[PDB]
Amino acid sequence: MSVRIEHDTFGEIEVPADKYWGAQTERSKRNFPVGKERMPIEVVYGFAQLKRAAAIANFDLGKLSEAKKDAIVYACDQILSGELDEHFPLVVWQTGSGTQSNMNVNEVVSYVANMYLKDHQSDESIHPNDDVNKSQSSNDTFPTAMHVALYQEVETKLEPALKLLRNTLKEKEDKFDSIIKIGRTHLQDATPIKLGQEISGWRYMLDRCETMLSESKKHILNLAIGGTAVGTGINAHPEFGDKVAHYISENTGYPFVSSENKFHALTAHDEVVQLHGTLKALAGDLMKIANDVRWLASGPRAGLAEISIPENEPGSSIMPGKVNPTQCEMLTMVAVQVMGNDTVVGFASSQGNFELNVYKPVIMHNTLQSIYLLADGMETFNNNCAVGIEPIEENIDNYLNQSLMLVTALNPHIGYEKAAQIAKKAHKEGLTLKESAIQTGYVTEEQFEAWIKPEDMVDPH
């Protein structure tokens, strides 16, 4: 229960003895006791990449000592290895520049760095602002950390999950290509379609979002670092920003660059708005896919029952055949969350004033959440549902054999009028087209098997 006494302009303040933040973080924590949404640790890691790269760049410019640079890099690598997650207690609902989380990283980095210097018997000392935040400002760091973290989240979470689900749907598309079912438009019976063709629509949806995500994610590589307070770059070396972007690229493997216009970099979030547009496009596609799956799996006796899906929750021995599509429900709830998150991001990006947009935490919070919700949603839906999508061939065959929508294939052989009578007769008398077409005398058994081939009704000719 012990504490450490820190100091600032307002006086003495207790910090928990086992926590590495300083007086700024503790007063900021107390001054914004709002909500339940901690500032995402992913942006903290983005700050650590930035502070790591800044230490090296400042060293290169002869502005930071070797020992200090080594100690800051070490402390930054402590954060990035996930050893210090509990030393970042600030909420999303802080100041709109994200300054307090910037100084939270400055203080923790400095605390761990000074421990390094002492263990190595150094006379030097790290200070949060003069050293860890050197050449930086409260205003160009959080947008840099945000873009670093958002791009990494796309690369490490969203891309592999999109590819996982897409490859499964592609495989189902190829395996079920020979299965002919009855299409539905307006929810009404339509002409035949291969089950694999229907699945191919879901699959190409994911290909389209992948193409579009590659376009929009590229603009997130543009970093604000180097604009300092108002975008002019005052109090920074003319090479500092490019150097930092270079070292973040080195450490992450992603081709970050310093923005061509730092005034845009502080005042705009149109690049994140565009990215979130891709996320909403994917969300809507995933909702449509998930709805098709659960409708196709509906039943067992009063629904469509064209496919089965895996049962992951225990059912009832007295209710055999009931499988709730619970993975579809998760994915569609994720989908509507992304759509609401899209509202926030689009609004917040419009609300900038002069030299800075101060809505950056809420933008980071919503965009990141949309990324990992789509990522985890697709991965889980893939593993726990999509890989287990199987046709129920008996029900699909019955739909094909019982359908009246095949009758148009009789038109080249007996004419529009004779086919119409057959379709009307089958409708009124509850017959199949085969039963009707033979009882009218217009088509024989051999002719009907020769003239009506559903495998010739799912392609242009």
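Heads up: residue numbers just count along the shown sequence, starting at 1.
- Two stretches are in play, 369 to 377 and 113 to 121, and the higher mean C-alpha B-factor belongs to 113 to 121.
- Higher average CA B factor: 241 to 249, of the stretches 241 to 249 and 326 to 334.
- Between the residues 34, 433, 53, 39, the entry's highest C-alpha temperature factor is the one at 433.
- Taking the PDB entry at face value, the top CA B factor among 189, 270, 153, 130 belongs to 130.
- Compared with the other modelled residues of the chain, the Cα B-factor recorded for residue 299 ranks in the middle third.
- The PDB entry assigns residue 341 a C-alpha temperature factor belonging to the lowest third of its chain's modelled residues.
- Placement of the Cα temperature factor of residue 319 within the chain: highest third of the modelled residues, per the deposited record.
- Remark: residue 265 belongs to the lowest third of its chain, ranked by C-alpha B-factor as recorded.
- The PDB entry assigns residue 47 a C-alpha temperature factor belonging to the lowest third of its chain's modelled residues.
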